[PDB]
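Structure record follows, encoded as structure tokens.
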Amino acid sequence: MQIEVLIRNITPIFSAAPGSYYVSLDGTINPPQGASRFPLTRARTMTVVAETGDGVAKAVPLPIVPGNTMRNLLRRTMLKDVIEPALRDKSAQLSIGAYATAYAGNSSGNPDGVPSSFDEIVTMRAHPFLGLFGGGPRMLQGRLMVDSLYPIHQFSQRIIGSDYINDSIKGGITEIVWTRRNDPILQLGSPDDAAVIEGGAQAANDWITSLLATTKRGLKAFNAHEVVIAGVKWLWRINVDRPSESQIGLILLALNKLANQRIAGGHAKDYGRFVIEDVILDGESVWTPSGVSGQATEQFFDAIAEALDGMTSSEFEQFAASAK
Amino acid sequence: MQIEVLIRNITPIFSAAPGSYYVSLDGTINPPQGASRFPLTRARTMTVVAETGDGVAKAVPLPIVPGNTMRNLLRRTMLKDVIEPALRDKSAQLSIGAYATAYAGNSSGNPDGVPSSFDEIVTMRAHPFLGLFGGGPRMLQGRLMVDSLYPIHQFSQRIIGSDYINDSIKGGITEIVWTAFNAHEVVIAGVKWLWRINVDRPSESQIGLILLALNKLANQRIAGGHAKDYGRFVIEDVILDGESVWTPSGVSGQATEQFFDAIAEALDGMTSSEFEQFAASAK
Amino acid sequence: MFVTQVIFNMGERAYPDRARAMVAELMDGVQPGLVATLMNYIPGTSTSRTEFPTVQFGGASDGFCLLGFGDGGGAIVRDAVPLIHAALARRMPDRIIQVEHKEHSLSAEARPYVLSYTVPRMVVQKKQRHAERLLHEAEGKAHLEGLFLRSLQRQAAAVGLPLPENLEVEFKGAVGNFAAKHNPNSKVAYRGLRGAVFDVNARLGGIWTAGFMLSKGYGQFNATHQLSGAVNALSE
């Protein structure tokens, strides 16, 4: 059962690509040596094949949010906003291992390595939450397929299709954001400011001498990081392998309450803020201005409510239990 | 909690952008070599996707004040006007580590890279000030989201949303001032700005601290430019969780007095020990 | 190749001569080698060197500044500035001293036309007869151009920077004159020139020195910053 979510971000998305890439001024990637050089944090990109109105296929980088990040975002949103209040209403406490397993798919770095009994397999897969994601010490295959957040772009036509060709963007959608780190030494101009500091101006000057002598690290740093520009429209594709009504209702509730969560990175700079523009369920739009609602979706919400009001921590503690 | 603040500038806001650019006498960016180019630093411009009614999503560079600058300004205002006077009133004394950590997060260029005990995390994320910003020698996640300063413009209508559309300006929002003559483009003063701040499940004390900073926010300037009087601004409206709580005297009323009481209690009860612990290196 | 400039933010414009006197006074006795190196003294004696000084002093708008030339100059300023900073902190207990450390690359490339270069502080008064010779350009050009050329070549040889063999300079003039004294009670004074404009057919990168007797704080000028043409903002 395919779910397509049309996501428009009102703040830049910042998913940092691992590695210390260096930039000069005026935004030249990997500049020639000799010029000024600064560490640049490149946004996460995936190379995809697309024809840019030429007819020949070529691989080009595309700034995306990795699918694992979106899967974890969905998991966390579901847990905080739906399941956790349900457990708190019944005053049921999760064990520490159960909490870790529900929040990261496993309670430790050592998988059990042995299979599961069939009754336990079906019990865990029928669960509204554990069935979707799975994991645990003994490995279990979840029902949830989460794809990466592909931006609607001329490079994404060969991937997402021509259904959303009306929202494509031609040019690049990434920009460099420059940041600093200023010492408190510059903003001291009078000892009156330093009335809160031990030893006063003498101690401050001693510290500044230490900084100039033996620290080099220091509290001065001019750096930059690449962000995906705001306002670009994204497509999120979610697939489920033969789910029950309760699981679909849970996913719909998470989508309803997803807007309260950031996508990735830039917590300090309010990065990752988005609004869900359109949700499509098996080729049919179920989104409303209020949210996921309508007669076509009432049964899922009823089923997920009936699952939530009568769920306990027993399933979680059994799932997190290891057979070693 | 979602906080939206409306800012207009009496004087031009000048947030210089990195890089060296050149302009000619008639005012064109990067003229050909045959012309007499003049040095020119540009304002902080962020390209944003927008449409002008055509429905075509075209990226347009938009002059904005970075969210990092707003974060630093808010932190400096908070400390100097609320936390710092309160510390002086009780004769509290902070180590250089505490001072540097409070003003810039880290006290050294080498982070500890080691997780903190949950007792410290729960004690510190509930702090009136350090809980909002955080990020000591051991990386701690503050509760404060500080967006950039987005001017209310046609090119930003895709960002603000279905609000403040009426008071939107169409024309260019940057002008070049000549001071051979040192030229540095500036945003024309008097333009409104949107300041969006989200705080993750805050306590009443933290909200009160933010409100006090907003009350005393207008004192400072914006994006530096202390010379030749750049950065003057006045707050016209403050929206707290969808409702306006701003008055010409300041943020007050029957809606936000509880935050003020909570922050008064926190300021009377806070000490230097929390800052000393936060700035202490675990290694 | 590299020039290091360090500025101490004391909060008031101090003339370079008194600045050098006081920095000498603060370091009396402690670390004698540093004193001998910073004061440009022959090892074993307190006399100064006639040779071009690798130690440089200048009058910052907010204080006084130390300038090192070459690797030796860079090394001496590097191990010196913490000591002078500590001494200044010791003497001024209720003021924050700030240190600004910036390096300039030194480069001099030829150019088939001339550019406007000026300095605030020239030592041009040698004889009173030559002082009145400035009315006619032809009479006063010879010694001025000779001074500029010799100063440039000797500082280049001191720093080991290649210079073209075909430098010709013509003088334009200065803004005014000024008087300077060893001490406020001294009755001996010299005449300098402010805004001494001369045109050279080459590029001068970084900060540069012209004239002679530079350690006391004369003849320093940032030719690179002057090329930006920021001298327009001079009015009331």
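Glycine gets a Cβ as well: all are built from the backbone with ideal geometry, and neighbour counts include every protein chain shown. Since every read-out is calculated from the coordinates, none of them should be taken as a lab result.
Working carefully through the options C:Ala87, C:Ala110, C:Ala80, find the one that is crowded, with 17+ Cβ neighbours inside 10 Å, more than 8 Å from every other protein chain (Cβ to nearest Cβ), more than 21 Å from the chain's Cα centre (by Cα) and small (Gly, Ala, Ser).
Of C:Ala87, C:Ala110, C:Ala80, the one residue that is crowded, with 17+ Cβ neighbours inside 10 Å, more than 8 Å from every other protein chain (Cβ to nearest Cβ), more than 21 Å from the chain's Cα centre (by Cα) and small (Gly, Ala, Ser) is C:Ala87.
Across the stretch B:154-165, what is the number of residues that are assigned to a loop (DSSP other than H, G, I, E, B) and within 8 Å of chain A (Cβ to nearest Cβ)?
1
With surrounded by 12 or more Cβ atoms within 10 Å (Cβ to Cβ), aliphatic (A, V, I, L, M) and touching an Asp or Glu at 6+ places or on another chain (Cβ under 8 Å) as the only criterion, which of A:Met124, A:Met46 stands out?
So the residue among A:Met124, A:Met46 that is surrounded by 12 or more Cβ atoms within 10 Å (Cβ to Cβ), aliphatic (A, V, I, L, M) and touching an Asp or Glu at 6+ places or on another chain (Cβ under 8 Å) is A:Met124.
Across the stretch A:15-43, what is the number of residues that are polar (S, T, N, Q) and loosely packed, with under 15 Cβ neighbours inside 10 Å?
5
Please name all residue pairs, on different chains or six or more residues apart, with Cβ atoms under 8 Å, provided the first residue is in the stretch A:176-203 and is farther than 27 Å from B:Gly67 by Cα and more than 9 Å from chain B (Cβ to nearest Cβ) and the second residue is among the β-branched types (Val, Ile, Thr) and surrounded by 15 or more Cβ atoms within 10 Å (Cβ to Cβ).
From residues that are farther than 27 Å from B:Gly67 by Cα and more than 9 Å from chain B (Cβ to nearest Cβ), the pairs are A:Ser190/C:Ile96; A:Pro191/C:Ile96; A:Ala201/C:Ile96.
So if I check each of A:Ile3, A:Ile64, A:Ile29, which one is more than 18 Å from A:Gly171 (Cβ to Cβ) and aliphatic (A, V, I, L, M)?
A:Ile3
Going residue by residue through the stretch A:23-42, is there one that turns out to be out of contact with any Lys or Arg (no Cβ under 9 Å at 6 or more places or on another chain), β-branched (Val, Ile, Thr) and within 14 Å of another protein chain (Cβ to nearest Cβ)?
Checked against the condition, which is being out of contact with any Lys or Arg (no Cβ under 9 Å at 6 or more places or on another chain), β-branched (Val, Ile, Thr) and within 14 Å of another protein chain (Cβ to nearest Cβ), the stretch A:23-42 yields at least one hit.
Find the strands (runs of 3 or more DSSP E) located wholly in the stretch C:90-193 whose residues include 2 or more that are aromatic (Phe, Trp, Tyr), and list them.
C:107-119
Go through the stretch B:70-92 and report how many residues are under 19 Å from the mean Cα position of the chain (by Cα) and either more than 9 Å from chain A (Cβ to nearest Cβ) or outside any helix (DSSP H, G or I) (or both).
10
Applying the selection to the stretch B:97-153, what residues are facing chain A (nearest Cβ under 8 Å) and more than 16 Å from B:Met70 (Cα to Cα)?
If the condition is that a residue be facing chain A (nearest Cβ under 8 Å) and more than 16 Å from B:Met70 (Cα to Cα), then B:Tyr99, B:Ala100, B:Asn106, B:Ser107, B:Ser108, B:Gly109, B:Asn110, B:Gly135, B:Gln141 are the ones that fit.
For the stretch A:185-243, which residues satisfy the criterion of being among the small types (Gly, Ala, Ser), in a strand (DSSP E or B) and touching a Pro at 6+ places or on another chain (Cβ under 7 Å)?
Listed by number, the list is empty, since nothing qualifies.
Taking the stretch A:263-277 as the search range and keeping residues that are at the interface with chain B (Cβ under 9 Å from one of its Cβ atoms) and among the hydrophobic types (A, V, I, L, M, F, W, C), which one is surrounded by the fewest Cβ atoms within 10 Å (Cβ to Cβ)?
The qualifying residue surrounded by the fewest Cβ atoms within 10 Å (Cβ to Cβ) is A:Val275.
Do you know which of the residues in the stretch B:172-202 that are buried (at least 20 other Cβ atoms within 10 Å of the Cβ) and among the aromatic types (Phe, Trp, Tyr) is farthest from the chain's Cα centre (by Cα)?
If we take residues in the stretch B:172-202 being buried (at least 20 other Cβ atoms within 10 Å of the Cβ) and among the aromatic types (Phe, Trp, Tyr), then B:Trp193 is farthest from the chain's Cα centre (by Cα).
Each row is one residue, and each column tells you yes or no for (1) assigned to a loop (DSSP other than H, G, I, E, B); (2) in contact with an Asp or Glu (Cβ under 8 Å, 6 or more places away or on another chain).
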{"position": "A:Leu250", "(1), (2)": "no, no"}
{"position": "A:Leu255", "(1), (2)": "no, no"}
{"position": "A:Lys269", "(1), (2)": "yes, yes"}
{"position": "A:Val275", "(1), (2)": "no, no"}
{"position": "A:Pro289", "(1), (2)": "yes, no"}
{"position": "A:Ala296", "(1), (2)": "no, yes"}
{"position": "A:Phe300", "(1), (2)": "no, yes"}
